[PDB]
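Take a look at the structure below.
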Amino acid sequence: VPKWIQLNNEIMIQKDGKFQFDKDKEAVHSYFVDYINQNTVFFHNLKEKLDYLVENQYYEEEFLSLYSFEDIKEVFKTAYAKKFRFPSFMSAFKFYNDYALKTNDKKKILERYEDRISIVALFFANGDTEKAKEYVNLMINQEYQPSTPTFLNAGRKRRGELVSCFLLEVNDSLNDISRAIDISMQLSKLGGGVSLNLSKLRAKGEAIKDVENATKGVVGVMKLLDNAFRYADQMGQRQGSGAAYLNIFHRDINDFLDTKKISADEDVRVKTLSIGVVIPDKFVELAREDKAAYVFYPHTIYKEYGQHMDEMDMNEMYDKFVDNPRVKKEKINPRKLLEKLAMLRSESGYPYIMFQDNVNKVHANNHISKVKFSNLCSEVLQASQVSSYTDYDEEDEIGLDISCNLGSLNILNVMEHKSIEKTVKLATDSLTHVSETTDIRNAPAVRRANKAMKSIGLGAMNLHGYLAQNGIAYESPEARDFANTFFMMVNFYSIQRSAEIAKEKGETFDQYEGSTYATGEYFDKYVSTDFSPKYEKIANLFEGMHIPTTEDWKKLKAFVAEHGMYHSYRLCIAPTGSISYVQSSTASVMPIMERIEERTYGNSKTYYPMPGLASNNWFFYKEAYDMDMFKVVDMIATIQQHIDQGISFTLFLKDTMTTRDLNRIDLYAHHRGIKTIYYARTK
Amino acid sequence: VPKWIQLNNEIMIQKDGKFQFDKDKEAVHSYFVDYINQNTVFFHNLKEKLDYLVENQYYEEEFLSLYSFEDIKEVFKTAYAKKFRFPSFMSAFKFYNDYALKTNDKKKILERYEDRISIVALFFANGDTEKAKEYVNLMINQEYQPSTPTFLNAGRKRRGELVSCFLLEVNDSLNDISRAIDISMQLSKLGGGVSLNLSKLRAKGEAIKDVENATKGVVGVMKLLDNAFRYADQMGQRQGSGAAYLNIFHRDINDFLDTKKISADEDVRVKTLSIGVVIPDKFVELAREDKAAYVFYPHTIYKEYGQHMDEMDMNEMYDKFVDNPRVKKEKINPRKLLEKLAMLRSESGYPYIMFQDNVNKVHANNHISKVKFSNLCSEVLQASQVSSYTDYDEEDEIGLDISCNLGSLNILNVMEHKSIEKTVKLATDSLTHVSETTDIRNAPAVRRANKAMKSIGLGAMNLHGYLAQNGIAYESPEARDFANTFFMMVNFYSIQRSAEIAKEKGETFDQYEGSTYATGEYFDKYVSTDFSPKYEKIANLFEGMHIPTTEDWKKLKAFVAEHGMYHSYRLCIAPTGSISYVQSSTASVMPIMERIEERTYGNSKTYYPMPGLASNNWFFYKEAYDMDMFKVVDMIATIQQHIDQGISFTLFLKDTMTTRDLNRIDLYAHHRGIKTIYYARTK
Amino acid sequence: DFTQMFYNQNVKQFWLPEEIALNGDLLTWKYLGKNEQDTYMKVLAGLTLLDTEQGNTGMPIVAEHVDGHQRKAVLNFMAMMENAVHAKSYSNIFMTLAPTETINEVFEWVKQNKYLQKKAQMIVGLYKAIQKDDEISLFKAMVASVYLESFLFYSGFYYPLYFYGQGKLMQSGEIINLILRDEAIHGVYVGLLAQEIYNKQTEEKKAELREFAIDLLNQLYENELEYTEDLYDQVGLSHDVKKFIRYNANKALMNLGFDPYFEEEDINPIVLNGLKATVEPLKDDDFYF
Amino acid sequence: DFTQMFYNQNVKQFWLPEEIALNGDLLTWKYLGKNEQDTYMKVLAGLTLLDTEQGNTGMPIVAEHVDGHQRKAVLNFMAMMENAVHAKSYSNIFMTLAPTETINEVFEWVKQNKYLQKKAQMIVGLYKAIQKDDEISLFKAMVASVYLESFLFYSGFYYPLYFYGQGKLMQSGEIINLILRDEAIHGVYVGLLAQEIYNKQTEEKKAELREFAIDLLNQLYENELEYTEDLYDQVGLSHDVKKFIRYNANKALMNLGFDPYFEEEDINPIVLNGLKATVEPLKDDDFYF
Ligand SMILES: Nc1ncnc2c1ncn2[C@@H]1O[C@H](COP(=O)(O)OP(=O)(O)OP(=O)(O)O)[C@@H](O)[C@H]1O
Ligand SMILES: Nc1ncnc2c1ncn2[C@@H]1O[C@H](COP(=O)(O)OP(=O)(O)OP(=O)(O)O)[C@@H](O)[C@H]1O
Ligand SMILES: Cc1cn([C@H]2C[C@H](O)[C@@H](COP(=O)(O)OP(=O)(O)OP(=O)(O)O)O2)c(=O)[nH]c1=O
Ligand SMILES: [Mg+2]
Ligand SMILES: [Mg+2]
Ligand SMILES: [Mn+2]
Ligand SMILES: [Mn+2]
Ligand SMILES: [Mn+2]
Ligand SMILES: [Mn+2]
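Protein chains in written order, with the deposited numbering: chain A, 6 to 688; chain B, 6 to 688; chain D, 16 to 290, 309 to 322; chain C, 16 to 290, 309 to 322.
In structure tokens:
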């Protein structure tokens with residue numbers, strides 16, 4: 006057992022009835038005195054290091070060639086002047102095991118934290134030394150964290166794509182299904198998580214070229230996609246991850262759900278394909294009134310109306326579908342379906358729940374399309390247009406496939422530096438740069454939507470960490486007040502930066518003129534409701550920072566009207582799995598699952614306390630499972646009212662609560678305006 | 006139970022110790038006087054029938070519009086003038102259950118045998134009334150039988166494709182793999198059996214752009230193809246059938262074979278994809294000498310030499326592969342691999358065995374490409390060039406994917422009518438028409454190969470029926486002499502018709518100038534060796550027909566040199582599974598499995614005696630399992646010497662014999678020049 | 016050829032009642048109508064009563080007359096599952112859903128019920144008629160046993176599976192599914208033992224045993240139709256239950272190596288949702322001809 | 016007052032030999048003398064025979080005649096353990112340690128060994144003499160069963176325990192300890208049932224039953240002495256084993272409610288060292322907040 010691992014395991018050993026949290030710091034020192042410095046490759050000067058990394062195909066020549074060597078050296082010096090120290094052993098371990106650049110033999114460390122941050126900053130700035138230094142100060146203060154793809158791969162020649170969330174629309178044809186399989190394989194090859202909408206696909210027992218009972222339904226397509234994702238597994242590094250979304254009014258919805266049951270046969274169950282269910286308000290109304298619902302055959306609806314079932318508003322179309330004899334449908338019990346969803350989420354955490362009307366009643370780009378499905382993490386909610394992939398030697402009709410750009414603000418570090426505006430604007434600029442530098446040659450609709458929509462996702466993390474280190478309970482009304490104010494400022498500065506980029510470049514996102522930003526509707530609740538903190542403690546937390554008022558929001562609305570907005574979507578709160586360790590932050594805006602988490606690496610045990618955990622804030626670091634899920638829903642809705650896309654919202658349940666409690670949490674989330682529900686993790 | 010069912014079951018009720026074969030005839034009468042005539046749909050005249058079939062989307066109106074109604078009436082009258090009667094109940098039952106056109110609800114019979122034959126003939130003639138009458142006389146006499154796709158689907162609006170088998174070359178890339186999956190689904194949707202050569206795909210543990218041990222090998226692609234064929238299953242009517250072919254020198258050859266082991270795990274086992282193994286002469290030489298062999302990693306060979314492992318001759322490059330340190334290889338025991346092949350064929354009948362050198366030592370189009378794999382029935386052996394399917398928005402390099410149209414000569418009916426020449430020429434014309442009117446819009450390499458190669462497959466059926474009905478034992482040297490003479494005549498007249506078509510159209514198949522037809526090498530054994538019958542009985546059997554001599558072959562060689570050949574490939578002997586029932590013929594050139602076969606249909610059981618089975622020819626209808634497989638190999642080699650493509654050669658084994666006997670049969674087949682071995686069916 | 020394989024499958028399916036917590040069923044039980052609760056109780060009592068006969072007589076009597084140590088062990092294991100596992104499981108379900116007085120009354124009713132008694136006594140009659148060293152009488156009893164395991168239970172299993180497929184009474188439905196999975200393998204195994212006896216007989220004796228099996232099936236089937244209407248008409252399910260009986264009758268026949276008697280039918284989707310050749314090395318000179 | 020607790024104890028003791036990997040004994044087995052291996056094989060073969068008959072005959076027949084579904088469930092479970100678990104475990108041991116020919120030879124040896132045949136004849140004879148509704152014949156068979164469980168197995172158990180206690184053949188020894196743990200509770204349970212019948216008798220009848228029990232014990236004992244000498248003389252342990260079987264004879268008598276018959280002796284200290310989530314329906318009030 007290594008010395009740093011012993012020093013880390015000494016945390017659980019209680020002295021005077023208290024955990025030895027400070028010992029973790031010592032572990033970090035050991036982890037750097039015994040391992041990191043010994044296995045870190047050192048060079049006589051930075052010029053030699055850069056030459057070795059470029060020549061050995063570690064870095065890219067293009068992004069480094071935009072700067073003189075003096076500017077690169079100045080950026081590296083700015084990164085190293087902070088003298089950044091990892092506060093916990095797990096932060097440094099996760100960085101140097103997951104993100105630090107290693108030799109081809111994987112035994113030496115080529116990149117420190119400062120080196121990786123400097124390289125990512127130089128990639129972000131695209132030739133501006135001052136902008137690169139600003140990015141270096143942003144990331145070394147740990148105010149902003151690029152996502153795992155961006156942080157890991159920026160500036161590296163041997164790399165995947167910087168985007169890892171991809172949403173694909175699948176049209177109801179064999180050509181479109183095969184193209185979707187191909188694109189899923191190509192994007193998993195790039196290292197991205199792929200979500201596919203299967204609602205347009207006709208159900209099982211439908212007609213193919215006017216022969217009856219011929220379609221295999223969406224379950225056969227799910228089997229094909231599951232095989233494709235198993236095959237494309239990042240060159241045998243990570244398990245291929247894919248998601249499939251189906252509307253709850255699709256007839257296959259039960260069989261869809263049956264793919265996640267343990268009792269399902271081998272020809273029914275898909276193991277590497279996550280599933281999500283899109284639930285329109287009509288289904289919730291039918292379940293609430295206990296009226297029996299109807300699941301429709303999509304192809305009959307398409308033949309009758311010329312549009313797909315998921316392309317029209319089910320609230321106004323459901324009665325017409327039911328009363329139409331030419332539309333084929335099957336009787337179901339919506340309450341039984343809700344109970345089945347709750348039971349499946351209890352067993353396996355699936356499916357993801359998308360409340361379609363909750364997403365689309367605040368969606369700014371409904372003119373382009375309504376949000377029909379979400380991503381693999383159930384937080385990307387954007388307009389998508391299906392593509393018509395025709396036969397060979399025939400021109401395809403390329404639509405819009407969602408691929409947003411991830412990046413997370415560290416709420417604790419951002420707010421302690423009183424730099425919400427600067428961090429949000431710099432993160433928006435970096436996300437815009439990464440979106441502009443993304444070029445996928447095997448996903449035509451993804452590339453077209455990236456060029457047109459210019460959608461980015463700016464998330465936040467360390468919400469619970471910040472609240473606990475400031476003596477605020479996550480379920481307290483003060484925490485929701487802080488979340489409201491902080492995320493309203495984040496939205497304000499994100500919109501301001503998007504409008505500034507649109508003014509500078511002279512271009513907005515495609516079909517912006519029809520958006521609620523152009524019409525000013527988006528700013529309605531912002532020009533009438535003041536989002537300043539209602540509690541003195543939160544106001545003192547925001548001291549030293551200008552909180553945008555209704556007049557500021559009116560000025561921003563006028564600015565957007567005059568200049569437009571560059572990004573169709575700006576904010577989405579991703580789970581932030583492993584980057585939260587490196588940043589010493591709690592994951593996403595979720596409450597912490599455990600105060601101290603026990604992990605097993607190799608044959609060794611390691612202990613990670615939550616950041617800033619001590620005896621004084623032990624009570625404020627309440628575990629997520631012990632919390633009331635209604636108050637967690639309230640906080641997530643408070644944040645969601647300022648996020649244009651969704652939030653990865655995992656439910657944290659105890660083994661005691663039943664499926665009725667899960668359904669109640671889901672229905673309260675639907676009532677409170679929650680757009681997506683990610684997971685049902687049972688303790 | 007139906008009256009005809011009782012009459013057919015009365016065959017096995019012996020009277021005076023003999024089977025009541027004549028009862029079978031009675032059954033047909035019943036089957037027509039109680040079911041077919043009552044279930045048939047009669048019109049006032051042919052005009053009303055044709056109009057009803059045209060407007061109700063049963064028939065394509067284009068092929069019928071090329072004839073005036075008087076000509077169509079004359080063709081139908083020619084078909085009905087023969088007064089064709091089905092001699093066995095099973096012939097009529099199979100036609101009216103599998104090939105006769107029924108209504109949309111399948112409650113009535115719209116097409117008689119004469120109606121189907123007339124429609125197929127009118128489609129074949131393409132506006133020529135005299136040619137349509139010739140086709141009608143050829144098919145109503147049952148001298149020639151179009152394949153099941155062509156016979157069933159010719160002239161139908163709801164038809165599929167007339168091509169039975171498709172062969173795809175899969176290049177070593179994710180884009181090519183995805184395109185192969187798409188094309189396999191498209192062609193299975195069209196109803197054709199798809200064969201894919203996986204020998205170019207790099208083995209398991211190869212590098213995908215400098216990251217090693219990343220590839221899943223051919224087994225992952227096999228699983229993808231298996232799921233694709235499961236999904237595309239002819240709209241749920243016929244199970245999707247696919248074939249995978251791998252060279253025996255591929256490193257994955259064991260894992261490949263492990264897909265068919267009955268103890269294979271679900272993550273490896275493949276159940277809807279047939280497997281074939283391509284064995285060069287080098288492997289047989291290594292096994293014979295007991296020298297340990299080496300299987301190779303295709304990607305290392307491609308990197309070192311710039312060509313795929315199956316793209317070059319292993320007999321001359323195996324030592325270079327072994328001595329090359331930059332080529333990666335694994336040690337295997339070739340005798341152990343042969344024993345594994347024999348055990349697998351005993352257990353499940355797989356893999357198909359393709360003796361590559363036996364195919365390519367007489368292959369006429371080696372300049373275009375060597376034959377690297379076979380079809381799903383292991384009888385199509387043609388040159389194929391792999392396609393380079395590139396990224397989206399990039400032009401693809403379209404290669405040649407094999408596809409040929411099947412058609413079988415009924416040997417008994419052809420020789421009874423003394424019309425080898427006329428039947429062969431008319432069948433060649435019909436297959437040329439089927440190739441010309443075939444246009445597949447989702448398989449580009451298949452379309453290009455169909456347009457360029459113009460390859461057709463003219464098979465033969467009722468070899469054993471003709472031999473047994475003429476008092477010739479199938480294993481006798483007289484039977485092999487008859488096969489030699491008959492198939493030399495078939496080859497002569499097929500080459501003559503191909504050259505005549507090339508002369509009349511002024512065009513040959515692509516790259517004909519480099520073929521052995523153009524250089525005259527193909528005719529060598531035909532201009533030096535006489536293939537006239539060596540036995541007086543066979544010569545009497547061939548009386549009334551001009552058997553080509555060496556002078557006729559020299560004249561044909563000169564004619565080909567002057568005019569060329571329209572078809573790259575002309576003769577391939579398919580299994581002819583279910584259409585042999587309608588023709589009252591034994592399946593293909595294979596010996597009969599059983600004298601009387603008991604088949605269960607619905608809740609009833611039926612007995613089909615072999616065509617012409619009686620007391621005097623009971624022992625001439627020797628069952629295949631009771632026959633010496635070495636003499637069957639001799640027969641198949643004798644036929645194969647006159648067939649440019651392969652023959653679907655099924656091995657018929659007894660349970661008592663061991664895997665060593667199967668290996669001996671395989672090695673004798675390789676020694677005798679057998680190109681492919683189809684199945685190892687054990688009694 | 017088969018006893019060790021069945022031994023393995025049997026012992027690896029071992030389970031105990033205590034593993035499934037039953038109390039959470041009360042959360043759906045309270046929402047069923049009186050007719051639904053009545054049918055469920057009656058079906059449950061029917062299964063309980065029949066399974067007791069199988070544990071006390073059916074399996075032990077067959078184990079007694081079958082020769083072979085390994086077969087006796089497998090049969091003993093199956094008898095154990097009836098008496099120690101299944102019987103306790105049925106009792107547990109009852110005690111959870113009904114008070115003591117209600118349980119006693121339901122069993123009094125089902126004990127007097129004409130259709131339940133007819134089938135119970137028909138099966139028991141054949142077990143009592145087995146004679147020492149007479150393989151014909153043993154075969155007849157095995158046929159009766161297969162009919163119970165693979166056919167007669169299924170008019171009863173229908174209802175718990177119907178609820179289980181709808182998300183109702185999930186804990187007791189899980190228990191029933193485990194029981195049913197045991198009875199399926201019991202039926203297949205006893206079926207193979209019956210085929211062994213059948214295959215030792217002359218052609219005339221075989222035809223006579225086939226007639227026995229079909230005649231017995233017919234008697235039981237006609238009583239099942241009456242049993243079915245008696246229980247399921249009040250909840251409107253009898254048509255679909257009848258399809259399920261015929262489908263399972265066909266499985267029972269196939270277990271006995273006989274052809275299906277009834278035409279193939281589709282089953283209620285809710286209930287569906289609830290539900309070497311000798312290796313010889315190459316010796317060389319096999320490559321030369 | 017006791018069946019339920021025996022039911023719970025029996026089912027909680029459930030095990031399969033496959034749970035214990037046996038390849039660890041391969042070396043300590045290889046190292047034993049030919050005499051030691053011979054005695055060991057034969058000892059386990061004698062045990063296999065006893066469990067074969069206890070499972071096939073003894074436990075099922077007693078189950079048939081004992082009244083009460085719970086008592087029958089315990090006896091059925093014990094029967095299953097005898098032939099499906101215990102008897103089979105010995106074959107697992109044999110198949111690991113010995114070549115097929117040695118295994119074949121030892122099973123041939125049980126058939127021709129006069130002491131093993133005599134003890135089987137005597138015990139099985141009493142089982143097959145049970146008459147329906149005749150409690151005295153049942154008592155006699157239960158005495159025989161207790162003597163098999165608590166006395167007769169022990170001439171066999173000695174040797175695996177003797178090795179286990181020296182740290183030899185410890186995986187096989189683990190199996191044997193599990194078997195012994197089962198037989199101890201089987202002997203107590205059957206003993207309690209025998210006492211029930213004995214306690215119903217007149218004093219005169221009781222006196223005769225004690226005579227039967229003691230005469231039977233002495234007859235079995237005298238045969239076991241000869242069996243013990245036959246097996247253990249070649250390994251030098253006969254006198255030690257004899258002390259062990261007398262010790263266990265007293266335990267068998269005690270299980271029957273009788274006083275010890277043999278005087279206490281020091282036993283070899285080596286041998287002593289050898290010893309889904311809950312589901313609720315959705316209410317209309319859960320849709321409003
Ligand atoms: N907690 C930590 N986080 C990150 N790096 C660390 C940490 N502890 C030590 N190191 C690394 O090890 C070096 C030694 O640091 P130490 O605590 O011994 O003193 P120092 O004054 O920071 O040293 P130096 O002269 O290297 O700057 C640091 O410069 C840094 O590179
Ligand atoms: N074996 C058969 N094959 C094909 N069609 C048959 C067969 N048997 C009967 N039919 C059909 O059923 C009709 C019944 O007539 P059948 O053969 O009994 O003799 P028919 O009335 O004297 O006239 P004909 O033989 O001249 O048609 C036939 O005309 C024919 O259309
Ligand atoms: C992407 C991917 C490829 N492969 C295998 C199958 C293909 O035959 C083979 C080639 O993939 P390619 O698509 O050719 O990958 P590449 O072109 O980026 O890499 P290279 O330059 O080396 O050609 O890699 C996998 O096994 N799994 C995968 O996920
Ligand atoms: Mg379409
Ligand atoms: Mg490549
Ligand atoms: Mn039972
Ligand atoms: Mn049972
Ligand atoms: Mn025992
Ligand atoms: Mn015992």
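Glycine included, every Cβ here is placed at the ideal spot set by N, Cα and C.
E198 of chain D CB to nearest heavy atom of ligand 7 below 6 Å: As a first step, residue 198 of chain D must be located in the third sequence, where it is residue number 183. For ligand 7, at least one heavy atom lies less than 6 Å from the Cβ of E198 of chain D.
Report yes or no: do three or more beta-carbon pairs, one from the region 163-180 of chain A and one from the region 375-386 of chain A, lie closer than 8 Å? yes
So is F92 of chain C in contact with chain D if we call contact Cβ pairs under 7 Å? In the fourth sequence, counting from the first residue as 1, residue 92 of chain C sits at position 77. So yes, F92 of chain C belongs to the interface.
Let me see if you follow: with CB-CB separation under 7 Å, is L12 of chain A close to chain C or not? Position 7 of the first sequence, counted from the start, is the residue given in the question as residue 12 of chain A. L12 of chain A does not count as touching chain C.
Report yes if the C-beta distance between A102 of chain C and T63 of chain C is below 7 Å; otherwise report no. As a position in the fourth sequence, residue 102 of chain C is number 87, starting the count at 1. As a position in the fourth sequence, residue 63 of chain C is number 48, starting the count at 1. In this structure, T63 of chain C lies closer than 7 Å to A102 of chain C by Cβ.
Any heavy atom of ligand 2 within a distance shorter than 6 Å of the CB on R90 of chain B? The count along the second sequence starts at 1 and reaches residue 90 of chain B at position 85. The answer is yes for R90 of chain B.
Between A450 of chain A and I403 of chain A, which are expected to be in contact by the criterion C-beta below 8 Å, what is the C-beta distance as a whole number of angstroms? Here the question's residue 450 of chain A lines up with position 445 in the first sequence. Here the question's residue 403 of chain A lines up with position 398 in the first sequence. That belief holds up - the Cβ atoms of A450 of chain A and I403 of chain A are roughly 5 Å apart, short of 8 Å.
Considering only heavy atoms of ligand 3, list every residue whose Cβ is less than 5 Å from one of them, following chain order. A:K194, A:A237, B:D177, B:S178, B:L179, B:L206, B:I213, B:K214, B:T220 and B:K221
Beta-carbon of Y179 of chain D versus every beta-carbon of chain C: anything under 7 Å? Stepping through the third sequence from its first residue, residue 179 of chain D is reached at position 164. No, no contact with chain C.
Whole-Å CB distance - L618 of chain A paired with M634 of chain A, under 8 Å assumed: Position 613 of the first sequence, counted from the first residue, corresponds to residue 618 of chain A. Position 629 of the first sequence, counted from the first residue, corresponds to residue 634 of chain A. That pair is no contact at about 23 Å.
Along the chain, where does the beta strand (DSSP E) containing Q146 of chain D start, and where does it finish? Stepping through the third sequence from its first residue, residue 146 of chain D is reached at position 131. Premise fails: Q146 of chain D is in no beta strand (DSSP E) and is neither H nor E.
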